[PDB]
Amino acid sequence: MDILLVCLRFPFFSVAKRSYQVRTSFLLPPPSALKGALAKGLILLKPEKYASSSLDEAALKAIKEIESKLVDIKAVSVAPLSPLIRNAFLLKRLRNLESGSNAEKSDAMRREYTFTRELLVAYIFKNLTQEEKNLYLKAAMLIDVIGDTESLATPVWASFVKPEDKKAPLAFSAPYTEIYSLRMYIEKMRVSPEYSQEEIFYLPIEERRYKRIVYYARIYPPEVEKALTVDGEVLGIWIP
RNA sequence: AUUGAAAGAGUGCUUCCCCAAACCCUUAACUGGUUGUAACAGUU
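Residue numbers for the first sequence follow our numbering, beginning at 258 and rising by one.
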């Protein structure tokens, strides 16, 4: 039982809801975005099994393999330790995807983003082989973008941390289906990527303010018997 | 390769041009370094 822990000092990401005329984003990267980034890294390493007729089904089978090697659908988690905040960006995005209306149709969409400093990302596996563990360790890097291509990501280091079975407060995401008894945040982040199911995620991140805004930080973590230590502090990852 | 793939709030704009801190305006005036005092006494 090992956990792939990756540190990335990415500046921004954009992952919106079912949104139009504006794209308000999640406070933390969704599991789907992390899985897509890992699939991109795996494809970049070697397309010995990810190369086929179409890119759509190739990405679909890459995500299927990732889910198969992960314990379950809601396995990969993300946890910040720096105060992250949500800001707004107005960019001229094309809206030609609508019914007709030529192809150069573009409007100034308020594509808002989320600024931060540093986050931890944990992947849960099922005792993968040494060759595959090395492949995923070298796939833990090459995360050169998160969410949209307008905001990129940059990993710092990757490691294989052990659960070590110590009781401590947690900071990583966990599904709300089984977490009821545990200052609390909760939304849906589409854990299953859509390539052409119903669950809600929980985040231990509050709102806070400085003058009239909200910069999201973490306070009063709940108690979970599963936690580990890294970089001198203590984090907590839920285990199904 | 990620509710993500494509993605200009962006494209031109003299805060500009005109406009004397400008004009009139004797530190000016009245007023002594002034007054007294042997380089002196004495010397082959």
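No residue lacks a Cβ here, since even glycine has one placed at the ideal position from N, Cα and C.
Worksheet item: Exposed or buried, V333, counting other C-beta atoms within 10 Å across all chains shown (16 or more means buried)?
Response: buried
Discussion item. Short of 7 Å in beta carbon distance, which residues of its chain neighbour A319, apart from the five on each side in sequence? Order them along the chain.
Written reply: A296, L299, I300 and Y307
Practice prompt. Going by CA-CA distance only, name the one from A425, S289 and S271 that's closest to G493.
Written response: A425
Discussion item. For the segment 352–359 against the segment 387–396, do three or more pairs of beta-carbon atoms, one drawn from each stretch, fall closer than 8 Å, so that the two count as touching?
Written reply: no
Discussion item. To the nearest angstrom, how far is the alpha carbon of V272 from that of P288?
Written reply: 11 Å
Practice prompt. Determine, using beta-carbon pairs with one atom in the segment 370–385 and one in the segment 320–339, whether at least three such pairs fall under 8 Å.
Written response: yes
Fill in: Those runs of the alpha helix (DSSP H) which lie wholly inside the segment 322–392 and span at least 4 residues
none
Worksheet item: Three-state secondary structure (DSSP) at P432?
Response: strand
Worksheet item: Ends of the alpha helix (DSSP H) at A290?
Response: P288 to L302
Worksheet item: Distance, Cα to Cα, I436 vs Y442?
Response: 12 Å
Discussion item. If you follow the beta strand (DSSP E) that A415 is in, where does it begin and where does it stop?
Written reply: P412 to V418
Discussion item. Looking only at its chain, what residues have a beta carbon closer than 6 Å to the beta carbon of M446, apart from the 5 residues adjacent to it on each side?
Written reply: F283, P287 and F458
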